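[1] take these chains first, placed just as they are in the complex:
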Amino acid sequence: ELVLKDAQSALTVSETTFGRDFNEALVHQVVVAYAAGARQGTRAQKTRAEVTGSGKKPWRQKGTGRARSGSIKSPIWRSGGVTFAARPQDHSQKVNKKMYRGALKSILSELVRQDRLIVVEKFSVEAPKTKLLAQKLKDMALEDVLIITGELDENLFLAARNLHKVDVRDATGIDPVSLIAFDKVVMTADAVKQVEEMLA
Amino acid sequence: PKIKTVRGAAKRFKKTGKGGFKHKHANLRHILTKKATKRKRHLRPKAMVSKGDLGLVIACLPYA
Amino acid sequence: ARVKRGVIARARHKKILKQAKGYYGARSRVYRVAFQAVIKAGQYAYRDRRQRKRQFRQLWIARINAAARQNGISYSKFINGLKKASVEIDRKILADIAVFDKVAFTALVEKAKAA
Amino acid sequence: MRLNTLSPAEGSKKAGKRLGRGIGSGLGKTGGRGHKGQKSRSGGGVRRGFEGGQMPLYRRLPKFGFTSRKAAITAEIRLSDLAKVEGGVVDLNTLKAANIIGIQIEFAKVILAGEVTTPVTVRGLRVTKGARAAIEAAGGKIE
């Protein structure tokens, strides 16, 4: 079903993995949840309890012509309080397995329509060198890419660490945001076979 | 933390199939000889909670 | 994400103090006083679009009543005279004709005299 | 699709009520909670089942019954989820492996919930009169 650019081999891929209607809401939700999961959420202000200072009333309740105060630390005073102080919290949100798989199936099928998904045979650099990888993408006519590979080569990996617009994920380690972010997606025939089985 | 059920209410109401609650009638513990038999007979079987006081029951026992 | 609000507040106050431009004392200078003046100005403005239509009608009617009595007829009888001759001309114009072209105006008072 | 071009379904998101933000907001000054009284106050509002000091419904009504110990450890097996164990044998330990009833349930009963196809010999289990007609109409012999 997906022709290659140096073979023209008929790789018969499953229909309901790579040929579906683009459900925008599901994909949006899954990428938003994936984004929300990226947060570490490390922050804290200090409440009127946590501020340093005495509990003492600076001046008494009545008697003096001045607004009744009860603490130096009160949030309406300067240098003390923050009413609703933040606590370190976890913004990660649950995504249903079927929704995550469904979103991947939705986005990964839309690449076929848009022609971002460049399925290929064996893709591997000769030696662990960036100069060669950068040179070989000139002939392939690629710049901002996600080189997905089943057999993850250290030679290919090391050679794409310094290249910014190139990223080399494993066929197992595809993501919702990654598949959308990069301008093309180069999948190896083994990686398509693995992802096919993974998504199912 | 989880919600705590108002146990006293949990021992006086039971959830029926639809959503309403069955409860036992008041006025059938003591002082029975002066009451007519017709009353005591009508007070014996369980009864459904009225729609006015249903929200008060639904709040105080959120599980079942 | 802490939000400072010095840039936006100033822009809000400065907007109103621009509308208060021309008022006396604090009413131009001091937001807290100006804001009331600018609202009141709006309330009065809203009101006086209604009263502008009233005042001018009175102004016209007085002019027509003045110009009619030079020719020897009162406003009340004049307008009834014009109505009874199916004349559709309004107060605004009768008042303008009364001031400008009296030799013309005189013909309307005769036209009214017919009825 | 780009990371920007994505958008949610209409009606999914609904902003949220932000209290105390001017007249134009609608709610603002007394954030939808009226003038004065216990309910207007921070940390206000009465506790559950409180009817102004009147004896509450959950206290003026009598308490009845007792929670059975035996009812806690007995299940009501649906006859739809009958032929999902081991061919046509459904004792107890076999049924427990299929995750139909809980672990601490010795006594159990097969009720008429509809639909059987295969013959199932129901051993060491209590069976209903309607299910006895069905199970045998499908084929299998009970006990």
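    Great, that's in hand. Numbers count the residues shown, from 1 in each chain, chains lettered A, B, ... in the order given.
[2] ok, residue A:35 - how many residues close by?
    Around residue A:35 there are 14 other residues, counting by other C-beta atoms under 10 Å in any protein chain shown. Heads up, the C-betas are built off the backbone N, CA and C, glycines and all.
[3] what sits against the closest residue to it other than its chain neighbours?
    In space, residue A:35 comes closest to residue A:177 once its chain neighbours are excluded; the distance is 6.8 Å by C-beta to C-beta, 6 or more residues apart in numbering or on different chains. Going by C-beta atoms under 8 Å, 6 or more residues apart in numbering or on different chains, residue A:177 touches A:31, A:34-35, D:3.
[4] now the two most distant members of these.
    By the measure C-beta to C-beta, A:34 and D:3 form the most distant pair in those, at 11.1 Å.
[5] now do the strands in chain A.
    A:117-120, A:145-148, A:166-167, A:184-188 (DSSP state E).
[6] return the most buried member of those.
    strand A:145-148 (a mean of 25; mean count of other C-beta atoms under 10 Å in any protein chain shown).
[7] for it, packing partners?
    If you count contacts as 3 or more C-beta pairs under 8 Å, 6 or more residues apart in numbering or on different chains; DSSP states H and E, strand A:145-148 packs onto strand A:166-167, helix A:176-181, strand A:184-188.
[8] give me the sheet partners of that strand and which way each runs.
    Paired strands of strand A:145-148, with direction, are strand A:166-167 (parallel), strand A:184-188 (parallel) (DSSP bridges).
[9] of these, give the one that comes closest to residue A:89.
    Using C-beta to C-beta, these put strand A:166-167 closest to residue A:89, at 29.8 Å.
[10] tell me the contacts of the residue of chain A found nearest chain B?
    With C-beta to the nearest C-beta as the measure, residue A:87 is the residue of chain A nearest to chain B, at 16.0 Å. Listed by C-beta under 8 Å, 6+ apart, the contact partners of residue A:87 are residue A:44.
[11] any idea how far residue A:45 is from it?
    As defined by C-beta to C-beta, to the nearest Å, residue A:87 lies at a distance of 9 Å from residue A:45.
[12] same thing with residue A:104?
    Separation of residue A:104 from residue A:45 (C-beta to C-beta): 39 Å.
[13] so for these two, which sits in the more crowded spot?
    residue A:104 (21 against 14).
[14] so how far is residue A:32 from the more buried one?
    Distance of residue A:104 to residue A:32, given as C-beta to C-beta: 15 Å.
[15] same deal with residue D:118?
    Counting by C-beta to C-beta, the gap from residue D:118 to residue A:32 is 46 Å.
[16] who's in contact with the residue lying closest to residue A:145 once chain neighbours are set aside?
    Counting by C-beta to C-beta, 6+ apart, residue A:145 lies nearest to residue A:184, which is 4.8 Å off, once chain neighbours are set aside. Residue A:184 sits next to A:116-118, A:142, A:144-146 when contact means C-beta under 8 Å, 6+ apart.
[17] if we use 6 Å, what do you get?
    A:116, A:118, A:142, A:145 (C-beta atoms under 6 Å, 6 or more residues apart in numbering or on different chains).
[18] what bridges to the last one?
    If I follow you right, that is residue A:145. Going by DSSP bridges, residue A:145 is paired in beta bridges with residue A:166, residue A:184.
[19] ok, it to residue B:57 distance?
    62 Å.
[20] one more: the first one?
    From residue A:116 over to residue B:57 the distance is 58 Å, taken as C-beta to C-beta.
[21] for stretch B:45-54, the distance to its chain's centre please.
    7 Å (C-alpha atoms, centre = their mean, to the nearest Å).
[22] gap between the two ends of that stretch?
    By C-alpha to C-alpha, to the nearest Å, the extent of stretch B:45-54 from end to end equals 19 Å.
[23] who in chain D is up against chain A?
    With the criterion set to C-beta under 6 Å from any C-beta of the partner chain, chain D comes near chain A through D:1, D:3, D:6, D:8-9.
[24] include RNA strand E too:
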RNA sequence: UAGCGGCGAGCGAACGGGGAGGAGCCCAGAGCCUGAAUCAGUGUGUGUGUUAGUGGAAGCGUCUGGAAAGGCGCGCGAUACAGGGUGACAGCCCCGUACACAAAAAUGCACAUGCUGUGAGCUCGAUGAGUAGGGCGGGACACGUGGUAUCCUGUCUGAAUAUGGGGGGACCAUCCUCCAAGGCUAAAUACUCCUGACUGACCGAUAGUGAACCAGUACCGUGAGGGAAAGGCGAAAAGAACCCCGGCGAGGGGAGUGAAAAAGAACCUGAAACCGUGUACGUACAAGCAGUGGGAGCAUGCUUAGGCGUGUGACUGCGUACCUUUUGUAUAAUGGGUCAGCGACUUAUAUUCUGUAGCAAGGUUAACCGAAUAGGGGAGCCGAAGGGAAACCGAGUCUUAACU
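    Let me put RNA strand E in with the others:
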């Protein structure tokens, strides 16, 4: 949930499951035979690590500018495009980075292993008395003495001690299960004054620590103790030599430095309140929330051979501030001297309802295991069936002797 509970407010198990981590032994002592396998010496031995470090790739020309890293055009290293500096934004100017390497000396580890020193074996018996239990009074158990098991005990008492004793939630009897009245035990677990590295949908000088600054300082208090304020010239001090007014002052004017000195140290930006100097109009017979609709003149901007903007506003119709609280406020009821900054429906987990997305009689996982937002793991939960106080029966069932 079961229970507990002025059966109120509330408090809240275990069995049972899924995980993390797993490990056991010494004594209350008698044969042959023997120091052996165990802890620990203390070596020395790798292996380390930690406390100094070494190398570490490849850019040029024009244009704008005070200055180039910038734009423009061509190169090149990349297992180095982490990050920082540099006169504006640097892969290639510098410090780093990846990576490759380090130790005289002290130490923290993991295995050989000479050993002052210590008992491997089957044995044979033993097998923890003011104790278990009881009365009285308290307490701990989810369990408030209740029908109250269980454990501990202040007090007063008292077995049997494996033919024995404990327990199985009043209690009894049968079965099952353990063996009290002595010790010692790694891991999974809690924490971070402190030492590093690294990360933030954390803050950016009224914030963030009280403290960016010689801050727990000044200052306050007899004392315990309380406790501030106060950041930024410029790329580089090149921090203004020299004149001039002045008291060989302050302070200015020059001159000079700089790209700039209304960047000159009271030093980036420099708002508002508030206080001034000059230009246009109005203003000394006129009554009040001071505006608002009308509106002459006058002053400027323009197009001109009409007028239309702009400032002003003679005279004139209408016109008792805002907030709060109220049956009702111009009210002589509350609150505000003004400006600037900060200042109030939040966060976590449970729960019901509405919208929306997935999948559908199914839906769905929790901790965890994954380095890993994959995928396992369905232990569970919820739903598809209810009636009954409950046994029990179940498309019925409860009531009742039986139900139209």
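[25] could you re-examine the contacts of residue A:87 with RNA strand E now present?
    By C-beta under 6 Å, 6+ apart, residue A:87 lies in contact with residue A:44.
[26] for stretch B:26-42, buried residues please.
    By neighbour count on 16 or more other C-beta atoms under 10 Å in any protein chain shown, the buried set for stretch B:26-42 is empty.
[27] how many neighbours does the closest residue to residue D:2 other than its chain neighbours have?
    Leaving aside its chain neighbours, residue D:2 sits nearest to residue A:180 (7.1 Å; criterion: C-beta to C-beta, 6+ apart). Using other C-beta under 10 Å, residue A:180 has 23 neighbouring residues.
[28] where's residue A:180 relative to residue A:124, distance?
    Look at residue A:180 and residue A:124: by C-beta to C-beta, they are 26 Å apart.
[29] residue of chain B closest to chain D, please.
    Of all residues in chain B, residue B:9 sits closest to chain D, at 3.7 Å by C-beta to the nearest C-beta.
[30] make sure that residue is indeed in a helix.
    Yes. Residue B:9 forms part of a helix when assessed by DSSP: H, G, I helix; E, B strand; the rest coil.
[31] residues from chain B in reach of RNA strand E?
    For chain B, the contact set with RNA strand E under C-beta under 7 Å from any atom of the strand comprises B:1-8, B:10-11, B:14, B:16-17, B:22, B:45-46, B:62-63.
[32] mark which of those are buried, thanks.
    For these, a burial check counting by 16+ other C-beta under 10 Å picks out B:6, B:10-11.
[33] how about residue A:10, phi and psi?
    phi -80, psi 80 (degrees, to the nearest 10).
[34] what do you get for residue B:23?
    Main-chain torsions, residue B:23, degrees, to the nearest 10: phi -140, psi 160.
[35] need the contact list for it.
    Contacts of residue B:23 (C-beta under 6 Å, 6+ apart): B:12-13, B:49, D:61.
[36] return the member of the residues you listed nearest to residue C:57.
    Using C-beta to C-beta, the contacts of residue B:23 come closest to residue C:57 at residue B:49, 68.7 Å.
[37] tally up the residues packed near that closest one, please.
    For residue B:49, the neighbour count with other C-beta under 10 Å is 18.
[38] check the one 5 residues further on too.
    Summarising burial for residue B:54: neighbours were counted as other C-beta under 10 Å, giving 15.
[39] distance of it relative to RNA strand E?
    As judged by C-beta to the nearest atom of the strand, to the nearest Å, residue B:54 and RNA strand E stand 12 Å apart.
[40] and the residue of chain D that's closest to RNA strand E?
    residue D:130 (2.0 Å; C-beta to the nearest atom of the strand).
[41] for chain C, what spans make up the helices?
    For chain C, the helices defined by DSSP state H cover C:6-19, C:26-29, C:31-71, C:75-84, C:91-99, C:102-114.
[42] export the ones you listed as TSV, with columns for mean neighbour count and distance to residue A:169.
    Below are the helices of chain C laid out as TSV (neighbours: other C-beta atoms under 10 Å in any protein chain shown; distance: least, C-beta to C-beta, whole Å):
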stretch	mean neighbour count	distance to residue A:169
helix C:6-19	11	42
helix C:26-29	14	64
helix C:31-71	14	57
helix C:75-84	16	91
helix C:91-99	17	81
helix C:102-114	14	93
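[43] between the ones you listed, which one is closest to chain A.
    Nearest of the helices of chain C (C-beta to the nearest C-beta): helix C:6-19, 16.0 Å.
[44] so who does residue 6 touch?
    You didn't say which chain, so I picked chain A. By C-beta under 6 Å, 6+ apart, residue A:6 has no neighbours at all.
[45] run the last query once more with 7 Å
    Residue A:6 is in contact with residue A:121, counting by C-beta atoms under 7 Å, 6 or more residues apart in numbering or on different chains.
[46] repeat that for the one 5 residues further on.
    Counting by C-beta under 7 Å, 6+ apart, residue A:11 makes contact with A:1-2, A:119, A:189, A:192.
[47] so can I have TSV of those showing distance to chain B?
    Shown next, in TSV, are the contacts of residue A:11 (distance: C-beta to the nearest C-beta, whole Å):
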residue	distance to chain B
A:1	51
A:2	51
A:119	51
A:189	52
A:192	47
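[48] great, nothing more from me.
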